[PDB]
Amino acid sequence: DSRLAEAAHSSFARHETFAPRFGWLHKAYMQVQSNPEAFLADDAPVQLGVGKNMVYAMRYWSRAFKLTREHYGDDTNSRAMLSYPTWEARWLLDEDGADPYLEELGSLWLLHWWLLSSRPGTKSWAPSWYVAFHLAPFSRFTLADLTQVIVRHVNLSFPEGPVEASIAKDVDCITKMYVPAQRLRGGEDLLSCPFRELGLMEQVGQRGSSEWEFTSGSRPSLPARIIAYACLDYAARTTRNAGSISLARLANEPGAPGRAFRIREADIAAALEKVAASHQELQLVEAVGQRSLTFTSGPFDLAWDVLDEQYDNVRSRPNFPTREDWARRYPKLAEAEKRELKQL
């Protein structure tokens, strides 16, 4: 088994037991935009306004949410892994972007998709999150049961061999990231975490009992265009031209929006139907008779047409850079992608 090795980097507990914070995403984008050394400077804890271990966590979460890519010097400098903002970060978090203050719940659903997402050249930095949402056998678990599940997947997927204590720390942090704070004990310490608003995870049988579970209701906070974006972005993992993808695969394949968002096939179809009605190039077709999503040109570009429309077409704004503008401004983003590729 190497579903996981093919989708995720070997990366555990680099969040340093810290769940994401809005202030960290915001401040990381602002500093890194003009300073590649913003996380590595001896200056960082005061320049970022956080403790020293929070600097690394900030750096990790930037990487994990696909808001930055890392690559060496030179100009020398060193082997130092400097950070570079992605075009998606410029699109989302810029003061001129889609949702710089994460006012819309669809933006959190989007960031959640990027944390789990993977494609050739760009794997996930949260293998424990990927196992939990895409590969775990059961919806209810103890933290030690889920920990054991990830250990077994890491053992069959990576040459290194599992660090149980680090994987246990991922499981603590998943819990803090998705579960309501009333189901947490803080020895006051308790921090906000905006991904709790997604309602993806709950305590069970609350003593609080030792068990936790992922939910399975409807997702009124998940916008249709966010589902449609993820389905077309998932289709674009393997195709760059016109074509189709079955709804069954979108609902059930590991990596796809059904498991990422924990939504049923019917909720995917309902989102795609609503979005298709506004986009001539997209249709739901019932074949033999299973439903398929069709697209008359490459699905990556249509994905971003649907996503940009959810935020009133950010790419139309004055002086908004194109991906090709961004790539020339930050050529190391492509170089980081290439070195991921030349392992395949």
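For every residue, the number given is its place in the sequence shown, counted from 1.
The deposited sequence places 4 to 9 unmodelled residues between residue 187 and residue 188. If you average the C-alpha B-factors over 159-167 and over 133-141, the higher value belongs to 159-167. Averaged over CA atoms, B-factors in the entry run higher in 41-49 than in the other of 62-70 and 41-49. Highest C-alpha temperature factor among 128, 238, 148, 107, as the PDB entry reports it: 238.
When the Cα B-factors of 180, 121, 97, 243 are read from the PDB record, 121 comes out highest. Remark: residue 83 belongs to the middle third of its chain, ranked by C-alpha B-factor as recorded. When all modelled residues of the chain are sorted by CA temperature factor, residue 153 is found within the middle third. Among all modelled residues in this chain, the alpha-carbon of residue 103 has a temperature factor (C-alpha) in the lowest third. Split the chain's modelled residues into thirds by C-alpha temperature factor. Residue 271 is in the middle one. Among the modelled residues of the chain, residue 324 sits in the middle third by CA temperature factor in this PDB entry.
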